[PDB]
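Novice: Partial complex here, more coming in a sec:
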Amino acid sequence: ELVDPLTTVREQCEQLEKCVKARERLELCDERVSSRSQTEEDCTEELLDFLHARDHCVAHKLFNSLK
Amino acid sequence: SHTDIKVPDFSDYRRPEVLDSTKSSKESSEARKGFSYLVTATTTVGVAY
């Protein structure tokens, strides 16, 4: 039931050259904020970097077969 | 001395209908005014719209 084109083509977007690269530095920020005591060197930054690379790709193909 | 004053050659600028020194300009005056006045008539028509 219900096949959303966003998440169908978002999987092609997450699987891109510059995209995974921006998740690598997000994960290394993840396993350092979670790993340390009580820091404030948080990962709101790296989150937005991934979504920059991802949503750039989203726009290119999204509208192809939308009724 | 004023008899040396010839008008410089205009061939470079002359409309082709009046390049021949042996040809009457009257033959082509109608057609030549036509073009420049058509341009104007078309212009005003465009402005009018």
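Specialist: That came through, no problem. Numbering: from 1, shown residues only, chains lettered A, B, ... in the order given.
Novice: Which strand or helix spans the closest residue to residue B:15 other than its chain neighbours?
Specialist: Taking C-beta to C-beta, 6 or more residues apart in numbering or on different chains as the measure, residue B:15 lies nearest to residue B:32, with 6.1 Å between them; neighbours along the chain are not counted. Backbone N, C-alpha and C define where each C-beta goes, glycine included. Here residue B:32 sits within helix B:26-48, counting by DSSP states H and E.
Novice: I'd guessed residue B:19 sits against residue B:10; true?
Specialist: No - distance between residue B:19 and residue B:10: 9.4 Å, which falls outside the contact criterion (C-beta atoms under 8 Å).
Novice: before we move on, back to that, against residue B:11, how distant is the residue nearest to residue B:15?
Specialist: 16 Å (C-beta to C-beta, to the nearest Å).
Novice: in chain A, which spans are helices?
Specialist: Per DSSP state H, chain A has helices spanning A:5-14, A:17-33, A:44-61. These are given in chain order.
Novice: what residues does stretch B:34-49 touch?
Specialist: For stretch B:34-49, there are no surrounding residues in contact (C-beta atoms under 8 Å, 6 or more residues apart in numbering or on different chains).
Novice: try stretch A:18-30
Specialist: In contact with stretch A:18-30 (C-beta under 8 Å, 6+ apart) are residues A:13, A:14, A:43, A:45, A:46, A:47, A:49, A:50, A:52, A:53, A:54, A:57.
Novice: Which residue is the nearest non-sequential neighbour of the first one?
Specialist: This means residue A:13. Of all residues not flanking residue A:13 in the chain, residue A:57 sits nearest, at 4.0 Å (C-beta to C-beta, 6+ apart).
Novice: how about stretch B:33-44: buried residues?
Specialist: The neighbour-count check on stretch B:33-44 (16 or more other C-beta atoms under 10 Å in any protein chain shown) flags nothing as buried.
Novice: throw chain C on there as well:
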Amino acid sequence: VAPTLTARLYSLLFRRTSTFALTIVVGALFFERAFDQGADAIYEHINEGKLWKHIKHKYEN
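Specialist: Putting chain C onto the chains we already have gives this:
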């Protein structure tokens, strides 16, 4: 196009400023028709069916 169409257009219409004016005003009326809808038809082709004028018959009593 024997004594040129522009020559006969000059001698018949352009000579007197009266017939020159009359040609413009008669011409401005003709041109307004051929251009308004003539350019609207080109506006139709770039928006083939996405306009309400094309949809029309889908919701008719």
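Novice: so, the buried residues of stretch B:33-44 revisited with chain C in the model?
Specialist: If you call a residue buried by 16+ other C-beta under 10 Å, then stretch B:33-44 has these buried ones: B:33, B:34, B:35, B:37, B:38, B:41, B:44.
Novice: if we take the residues you listed, which one ends up nearest to chain C?
Specialist: For chain C, the closest of the buried residues of stretch B:33-44 turns out to be residue B:34, at 3.3 Å, with distances computed as C-beta to the nearest C-beta.
Novice: With residue B:12 as the reference, measure out to the closest one.
Specialist: 23 Å.
Novice: And residue C:55, by the same measure?
Specialist: Between residue C:55 and residue B:12 the computed distance is 61 Å (C-beta to C-beta).
Novice: These two: which is more packed in?
Specialist: Here residue C:55 and residue B:12 are set side by side on neighbour count (other C-beta atoms under 10 Å in any protein chain shown), and the busier one is residue C:55, at 10 against 6.
Novice: didn't that one look like it was pressed against residue C:49?
Specialist: Yes - A contact is recorded between residue C:55 and residue C:49 when judged using C-beta under 8 Å, the distance being 7.5 Å.
Novice: So which bits of chain C are right by chain B?
Specialist: Taking C-beta under 8 Å from any C-beta of the partner chain, the part of chain C that reaches chain B is made up of C:3-4, C:6-11, C:14, C:20, C:23-25, C:27-28, C:31-32, C:35.
Novice: Okay, and which of these map to helices?
Specialist: Residues from those lying in helices, with DSSP H as the criterion: C:6-9, C:20, C:23-25, C:27-28, C:31-32, C:35.
Novice: ok, of those, which one's closest to residue B:6?
Specialist: residue C:7 (31.6 Å; C-beta to C-beta).
Novice: got a list of what the closest one touches?
Specialist: Residue C:7 sits in contact with B:30, B:31, B:34, where contact means C-beta under 8 Å, 6+ apart.
Novice: near chain C too, which of the residues you listed?
Specialist: Applying C-beta under 8 Å from any C-beta to the contacts of residue C:7, those adjacent to chain C are B:30, B:31, B:34.
Novice: Chain D next, sequence below:
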Amino acid sequence: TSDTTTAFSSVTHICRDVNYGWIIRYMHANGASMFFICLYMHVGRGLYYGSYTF
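Specialist: With chain D now in place:
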């Protein structure tokens, strides 16, 4: 103000609330007809004295 809702009230606001607004308001209203008495004198004089020939 120029709208139906506030037109009448702004005029009152001028007279009542605005400092010396009542004088400005009546200076205008009376000047309007003062302008007319001068217009009438001026046209009348033109007729009487044949100034109209200009």
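Novice: let's see the contacts of stretch B:34-49 again after adding chain D.
Specialist: If you take C-beta under 8 Å, 6+ apart as the criterion, stretch B:34-49 is touched by C:4, C:6-7, C:9-10, C:14, C:20, C:23-25, C:27-28, C:31-32, C:35.
Novice: Among these, which one sits closest to residue D:8?
Specialist: Taking C-beta to C-beta as the measure, residue C:32 is the one of the contacts of stretch B:34-49 closest to residue D:8, at 46.3 Å.
Novice: For the closest residue to chain B within chain C, which non-adjacent residue is closest in space?
Specialist: Using C-beta to the nearest C-beta, the single residue of chain C nearest to chain B is residue C:6, 3.3 Å away. Using C-beta to C-beta, 6+ apart and skipping residues adjacent in sequence, the residue nearest residue C:6 is residue B:34, 3.3 Å away.
Novice: now do residue C:48
Specialist: Counting by C-beta to C-beta, 6+ apart, residue C:54 is the residue found nearest to residue C:48 once chain neighbours are left out, at 7.2 Å.
Novice: Please give the element, helix or strand, for residue D:38.
Specialist: Taking DSSP H and E as the criterion, the element that holds residue D:38 is helix D:21-48.
Novice: In terms of secondary structure, what does that helix contact?
Specialist: Using 3 or more C-beta pairs under 8 Å, 6 or more residues apart in numbering or on different chains; DSSP states H and E as the contact criterion, the elements in contact with helix D:21-48 are helix D:4-16.
Novice: ok and the helix it packs on relative to helix D:21-48, angle-wise?
Specialist: Using axes from the mean of the first three to the mean of the last three C-alpha atoms, to 10 degrees, one finds that helix D:4-16 and helix D:21-48 are set 90 degrees apart in direction.
Novice: Now find how far off-centre helix D:4-16 is within its chain.
Specialist: 18 Å (C-alpha atoms, centre = their mean, to the nearest Å).
Novice: so what secondary structure elements neighbour that helix?
Specialist: Applying 3+ C-beta pairs under 8 Å, 6+ apart, one finds that helix D:4-16 contacts helix D:21-48.
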